[PDB]
Every structure is written in C-alpha cells, then in structure tokens.
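What follows is a set of notes on a single structure, which appears directly below.
Taken together, the values in this text are just the output of simple stated rules run on the coordinates, not laboratory data. Here the Cβ positions follow ideal geometry from the backbone for every residue, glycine too, while neighbour counts run over all protein chains shown.
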Amino acid sequence: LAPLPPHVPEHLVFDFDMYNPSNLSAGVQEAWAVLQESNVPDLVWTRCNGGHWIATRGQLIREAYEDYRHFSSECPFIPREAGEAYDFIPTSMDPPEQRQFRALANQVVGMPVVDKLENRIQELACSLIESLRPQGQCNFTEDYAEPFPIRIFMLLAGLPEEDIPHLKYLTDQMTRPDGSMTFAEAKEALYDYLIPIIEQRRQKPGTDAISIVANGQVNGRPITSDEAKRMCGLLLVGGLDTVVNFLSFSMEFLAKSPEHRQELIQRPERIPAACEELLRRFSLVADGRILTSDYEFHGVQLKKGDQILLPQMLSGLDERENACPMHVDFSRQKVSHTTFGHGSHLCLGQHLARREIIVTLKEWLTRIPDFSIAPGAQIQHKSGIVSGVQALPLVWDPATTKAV
Ligand code: HEM
Ligand SMILES: CC1(C)[C@@H]2CC[C@@]1(C)C(=O)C2
Ligand SMILES: [K+]
C-alpha cells in the first residue's frame, strides 16, 4: 500500500487491487462490482499499485472519457511506470493529434478487412469446431479461444504461426503481468520483433497489415518507421489479448445456462443481440487516464499528475445504467455499456471482434448445441488491464452433435 497523498481525504479510500481483487473467486466481473455496493462512493482512491483514483459508476466513467482536456491518454495504464512507458499509437495520444492515425488503423482492422477476411474467419471457426466435435470434450481456452482469433490476426498481419507462443507471452505481460517482465521490457521486446519486419515491408511492400501501416499516410504525409512500430505493437496486443479472453467468458456462461443455449438454437437471428448483451455482462477491459491539471470532479479534488482508472467494464454493470445488471437478458431493450471504450478512442477492432464472436456462437451451437462445464471443475478468472479465464474444460455427448 502506497502512502495516502495529502490531498486525498481518508474517507475516499477503498483499497481495491485491479490485478488481484479480493472477490476474484466469485467471478472477475463480480470482483470489480464490489466497487458498486451501497457503501462505496462514486469515486474512490486505492493505495494499491502505487495509488490511483477509481471511477465506479458509468456516469463518471463516460464523463471522464469524454473530457480529454482534463483526462489525458498520455499515461493510460496503472501502474504509473507502465503508463509512462506506454507509447502505442493512437492510444497514447489525445485529440487533435491522435485523429490522423485512426484512419490508417481502420484500413487494417476496420470493416474493410473484416470483408477481406469474411471467408477465412468462417472457414477457421467451422474447421476448429468440427475437429473438436467428435471428442466430447475440449480445453476451450487453448483449443479454440486462443487459436481462432490469433491465427486470423497472424494471417492478416502476414506473420508465421510459429511466432505465436512468443508474441502471446509478451502481450500477456502488458495486461496480466506474472512478474517476470515489466511493461517496458515486454513492450520493447515486442518492438524488437517488429523492427526488422517493418523495414523489410517498407522496402518490398506487400498486402499484409504491417506493410499497409508501414507504408501508410496520415493526413497526406508519410508515416515514420517509429510511428509504424508504435501502431503495429498496439495491433498485435489487440489481436492476441482481447477477443481471445471474451470468447471464454461467453462460452463459460453458455455452458452454465441451458436456457440461454436453447434461446439461440431456436432463434439464431438473436445471436447479434445476444453478443451485445454478453459484451455488457462479460465486459473485461479497464485502463484510464492522467489528470492534466488540478480539477474538481463530482465533489472530489483531483491533482495534476493523479492517475484515474476508468474501468470500461464497470459502466454496463452499473445498476443505474441497466436494471438487474448481473442477469443476462438477450431481449434487454436498452443494452448500455462502454465495453469497446468511449469518447475519441472508441475501439477500431470492434467490427472484427463482433464478427469473431457472432461466427463462434453460430458455428459452435450449430455443431455442438449441448455442452457443460466438466464435472467438478471450478472455473478460475484472472484480472488486469484485460481480464480473462485461466482454463475452461467443457464436455458434451458426441451423440447429440452434428457434422455440417
Ligand atoms: C472483445 C474485444 C475488444 C475489446 C473489449 C476492446 C476494447 C477496447 C477499448 C476499451 C479501447 C479504448 C482504450 C482507451 O480508451 O484507452 C480499445 C481501443 C482500441 N482497440 Fe479494441 N478491443 C477489442 C478488440 C480489438 C481488436 C480485435 C483489435 C485489433 C487490433 C483492437 C484494436 C484497438 C485499437 C487499434 C484501439 C485504439 C483506438 C485509439 O486509441 O484511437 N481491439 N479497444
Ligand atoms: C486497453 C486495450 C484493450 C486497448 C486495445 C488493446 C489494449 C490493451 C490497449 O493497449 C488499448
Ligand atoms: K506514456
């Protein structure tokens, strides 16, 4: 626990640890939701992880993402040393400067590429599921959650699949560090990987995402090698540590809820709406901002340089935003969340992510309609900048499945 700063009143202290929350065994979203109990103020100070503010309600989270003059993306991660080393583009930049880089990132991960990759996304989902179908069991995180999104990103990026173990290790040290590497060390190893590839693709431009970023233009002028690396690094993290985790939270839920499986089996056209409700209930990201100057926000004095965690996960879990927020309702009329961000840094890979999710739900339920958590298993979650699932053993009777 770090020393309570003079300007922070004792009454706003709530020592929540975002990398190892106290109620983790009840589920990671349940763990973070203890910040929304009756007794907790809208804005708390935790002495964990060097000390920082935590906005616990959607209203505050949304408001702070909107106000980039007061809440800057220059230092967006806790701990402070990770935020300071963080220099990915466009996420480490505030408008106006940030905006020219979004258009180039959109070219490689936006709807354009989702349409280039439509056939391969569909084919890989169906192939991986058909291969598992006759087995009557799988380790979902290793057998589908990782390979499906990761192989698609490595295809898009023109990178060999043999590089996956190394890159997935490094990306995971930036979001759920095990202690072996600091953020700065993981980030520099990621750049060390990309440096030579970017120079080669600048000399001999190809069709892959690294070539397109490395030879791209930003508001009509050529991107620099340095800028290309800082954008590429960010795409590698997005590709290897977002959807990968979300798919396991969703499959864990479906394995525990036969009535929700039945609803999507009976009415497959509800899968897009089901995806959005699952994106709210199993929201999983939490980054934040740094105060650019002293500022009074919602009755609380904030000081220049103070870090504030604005958990994207928390907005849709707020009861003031959604009634009975821990219940999954595929017919929920107004599904409000900030799972993909809020403000000018809204996720650019959200269309790729929703396609991957929707394809997985549809193709899994077509072939393996009935499945459950392996008998006796207790599913364990992990927390960080992006939360996840440690392992997800599933079982089913092959006699209830069908080959397409
Ligand atoms: C379930 C999946 C995903 C979730 C929940 C998610 C969540 C987020 C969030 C919350 C942000 C904003 C961060 C901030 O404001 O500091 C963000 C930004 C971004 N995400 Fe996604 N993401 C997902 C998938 C992806 C994928 C597959 C990619 C592909 C690389 C990707 C690429 C990006 C990019 C490039 C940005 C930066 C936009 C900017 O800073 O202007 N994301 N994402
Ligand atoms: C917070 C995020 C999910 C968003 C995209 C990848 C991520 C870890 C970043 O560094 C930005
Ligand atoms: K920084």
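State, as an integer percentage, the relative contact order of the chain based on alpha-carbon contacts under 8 Å between residues 6 or more apart. That works out to 26 percent.
Are there GluC sites (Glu not before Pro) in the stretch 304-404 that DSSP puts in a loop and that have at most 16 other Cβ atoms within 10 Å, and which ones?
Working: sites: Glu319, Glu321, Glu356, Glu363; in loops: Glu319, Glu321.
Here the sparse-neighbourhood loop sites are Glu319.
For the listed residue pairs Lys168/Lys402; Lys362/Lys402; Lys187/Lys303, the alpha carbons are over 21 angstrom apart in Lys168/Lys402; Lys187/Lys303. Could you tell me the calculated FRET efficiency between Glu81 and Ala377, based on Cβ-Cβ distance and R0 = 45 angstrom, to the nearest 0.05? For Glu81 and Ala377, the calculated efficiency is 0.80.
Could you give the length gained on full extension between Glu118 and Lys304, defined as 0.36 nm per residue of separation minus the Cα-Cα distance, in nm? The partial results should precede the final answer.
Values: separation 186, 0.36 × 186 = 66.96 nm, distance 4.61 nm.
Difference between extended and current length: 62.3 nm.
Just to confirm a number: summing +1 for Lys and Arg and -1 for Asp and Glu over residues other than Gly110 whose beta-carbon lies under 13 angstrom from that of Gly110, what do you get?
Values: positive: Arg102, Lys116, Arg354, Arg355; negative: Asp115.
After counting each charged neighbour, the total is +3.
Highest average first, the peptides 242-249, 97-104, 371-378 ordered by how many other beta carbon atoms sit within 10 Å of their residues are 242-249, 97-104, 371-378. A simple spin-label model places the labels of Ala323 and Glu74 4.5 nm from each other, with each point 7 Å out along Cα-to-Cβ. Taking 10 °C and 1.306 mPa s as conditions, the chain diffuses translationally at an estimated 72 µm²/s according to Stokes-Einstein applied to its Kirkwood radius (Cα pairs).
Using a 7 Å offset from Cα along Cα-Cβ at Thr182, what residues in the stretch 31-64 end up with backbone N under 20 Å from the label point? Backbone N within reach: 48-52. For the chain, with a Gaussian network of springs between Cα atoms less than 10 Å apart, report the residue from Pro160, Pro268, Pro149 with the top mean-square fluctuation. Checking each option, the largest mean-square fluctuation is seen for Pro160. Model label sites at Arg202 and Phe253, defined 7 Å from Cα along the beta-carbon direction, differ in position by 4.4 nm.
Reported to the nearest whole Å, the Cα centre-to-centre distance from the stretch 1-43 to the stretch 199-240 is 39.
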